[PDB]
Each structure stands twice: as structure tokens, then as C-alpha cells.
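In: Quick check, what structure comes out for this input:
(2 chains)
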Amino acid sequence: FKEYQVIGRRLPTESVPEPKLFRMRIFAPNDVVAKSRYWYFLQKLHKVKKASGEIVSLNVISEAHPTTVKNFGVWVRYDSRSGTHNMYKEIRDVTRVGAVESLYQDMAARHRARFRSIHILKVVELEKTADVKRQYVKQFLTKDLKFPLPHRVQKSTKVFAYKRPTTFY
RNA sequence: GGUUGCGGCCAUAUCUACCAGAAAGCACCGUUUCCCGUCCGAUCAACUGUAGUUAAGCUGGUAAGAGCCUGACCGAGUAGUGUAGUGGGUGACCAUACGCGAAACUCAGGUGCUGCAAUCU
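Out: Numbering: from 1, shown residues only, chains lettered A, B, ... in the order given. Coordinates below:
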């Protein structure tokens, strides 16, 4: 994934030139999917369609500080078999892109919700801990977090081995 | 501009209710010998433009009007739908992708225009 910015005009009509312009932080894998997802999200907010309209600018937004662990709040409208829900998941990730990648998996695992079902409504780095509502984020926001990785396992490149394996760590 | 004759598109011209109309024209309007037609000179026919009148018609104007039209990132890019999938879903159906795309609804504006001929403070 990447987080494309997509800006789009509509078109110019005689009588109304210089139209309003719009902008979306589309989390799309590439220029081409960006430009879909933008228009798919436009077509649900305005009376404009890729034909009667135009993209202005793709710009790939990069994470400002991409080696800092962040608590990303994300709101999601996802469509079930039955009915469509809102949500609010929180994701400890080092970028928006990684978060929103790893949300789509988390949605897919926990709700069988495919990428095409989910909308990413808003994404937000949460400044304060406390605003982190979910327990499963909160775990890792503890004063002096130490833990082990019990039951380590070794990928032997060979078939056999003689030493008889161990899970010490 | 008004009016008349013949008109074009055929309600932006229809309808409902209330006001205004100088000039001309229109009209209502008077008469029954003749042609003419009726149960009945009302209609139609003829005669006068004389006795009268804008009351009605006709025209124009008014109405948070009915209707009619036109438009709008008003609703709705919805509903629907053409194509695509070894997409979902027990299925019923649904979601997406490339496409086209309504109607009610909501608001705004409008409410005959116009041709030829003739005529009129």
C-alpha cells in the first residue's frame, strides 16, 4: 500500500469555470487504484463521475516520522452480509499505510470483510494515552514493558537433525 | 403599443376568483320586406350602422393561486442497468470493477411568443 493524495475538479462548464476541487487521502496500492478509489468516494458524495470530471493531482503522501510507534485510531464503515456497520479500531503501527494495511487484514480475519467492503473513514494518530480506548492497544503502553518470547522455534533448512530441538530463549 | 382578418408553434397560451380598458376596432346591440332557417328571427339568414352600451364577450393586470413550462453539484450519482470475476452469500440477494444513468421529491425563475395584411390618440 501507499497513501495517495488525490485531488479532483469535476470539469469546467461554460458559465461555471474554476470549480470547487476536492481532496482525499486514499490508501490505495497505486496511482491507478488511487484514481478509482477517489472517484468511488466522490461518486458517493457529489454528482460527479470520472467521465464528467477530472483528477487534478496524485501526490503520494509519506509518513512524516516513519520509525516512531503510533497509536492509530481508525474509523471504518464495513459492509457485512446482513448490514453495514461503523467501527473504531486502534492500531499500534509505525505508519498510517502500515496501519491501514494491517487493518484490512484485521478486518478480513475478524469479519471476513474484504478490502472492497471496507471504507477507511478517518485515520488518526492518537496523541494521549487514555484516548487509546481499546485494551489490546493499552497492553503495550505500560511503564517499562518487558516480556519474553517463550517457545522459540528454529527453521532447520535441512530435513533431519541430530541434536534434538530446543525452545530455550 | 392597442385592435381587427388570416395564421404558426399548440396551456409560458388552460383554469379559478377579483379589478382596469382612452382611441379605434371588436363586440353585445335594433329590425323581419326580401334570399334563408327554426317548435321559437334565440341560433342561422338578411337589413340598418341608425335607437343604445362597455354589462358581458375580448384584452390587460392582481393572487405566498390550481395547472403549465424551464432550470439546478434539490433529491441521486440514488433507483435501475450494459459488460467482469474461480467476488460474497446455504440461498434470497448483495458488494465491488469499467460504463450509462432515471422518476417522484426539494428549491429557484417564468406564465404566451410570434408571422403576414390592415387599422387606431
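In: Could you use CA atoms for every contact and neighbour count after this?
Out: Noted.
In: residue ranges of the helices in chain A, please?
Out: A:31-42, A:96-111, A:135-138 (DSSP state H).
In: and RNA strand B, which of those helices is closest to it?
Out: helix A:31-42 (3.9 Å; CA to the nearest atom of the strand).
In: Residues in contact with the closest one: which ones?
Out: Under the criterion CA atoms under 8 Å, 6 or more residues apart in numbering, residues A:4, A:5, A:6, A:24, A:26, A:27, A:28, A:48, A:49, A:50, A:55, A:58 lie in contact with helix A:31-42.
In: buried sites along stretch A:141-151?
Out: The neighbour-count check on stretch A:141-151 (16 or more other CA atoms under 10 Å) flags nothing as buried.
In: Now render the contacts of helix A:31-42 as CSV, adding distance to RNA strand B.
Out: As requested, those are exported to CSV (distance: CA to the nearest atom of the strand, whole Å):
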residue, distance to RNA strand B
A:4, 15
A:5, 16
A:6, 14
A:24, 14
A:26, 12
A:27, 13
A:28, 11
A:48, 4
A:49, 5
A:50, 6
A:55, 12
A:58, 15
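In: Alpha carbons of the lengthiest strand in chain A, as CSV, please.
Out: Secondary structure of chain A read by DSSP state E shows that its longest strand is strand A:70-79. Extracted as CSV, the C-alpha positions of strand A:70-79 are listed here (Å, rounded to 0.1, in the frame of the first residue of the first chain):
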residue,chain,number,x,y,z
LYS,A,70,2.0,5.3,16.9
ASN,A,71,-1.5,4.5,18.3
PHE,A,72,-3.6,4.9,15.1
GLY,A,73,-7.3,5.3,15.7
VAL,A,74,-9.2,4.3,12.5
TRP,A,75,-12.9,4.5,11.8
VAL,A,76,-14.3,2.0,9.4
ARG,A,77,-17.6,1.5,7.6
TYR,A,78,-17.7,-2.1,6.6
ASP,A,79,-20.4,-3.9,4.9
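In: Grab the most central residue of chain A for me.
Out: residue A:100 (1.3 Å; CA atoms, centre = their mean).
In: before we move on, the earlier item: would you mind saying which of the helices of chain A lies nearest residue A:147?
Out: Across the helices of chain A, residue A:147 has its closest neighbour in helix A:135-138 (15.0 Å, CA to CA).
In: tell me which strands and helices that closest one is in contact with?
Out: Applying 3 or more CA pairs under 8 Å, 6 or more residues apart in numbering; DSSP states H and E, one finds that helix A:135-138 contacts strand A:89-93.
In: Now do the strand it packs on: distance to the chain's middle.
Out: Between the centre of strand A:89-93 and the centre of its host chain there is 10 Å, according to CA atoms, centre = their mean, to the nearest Å.
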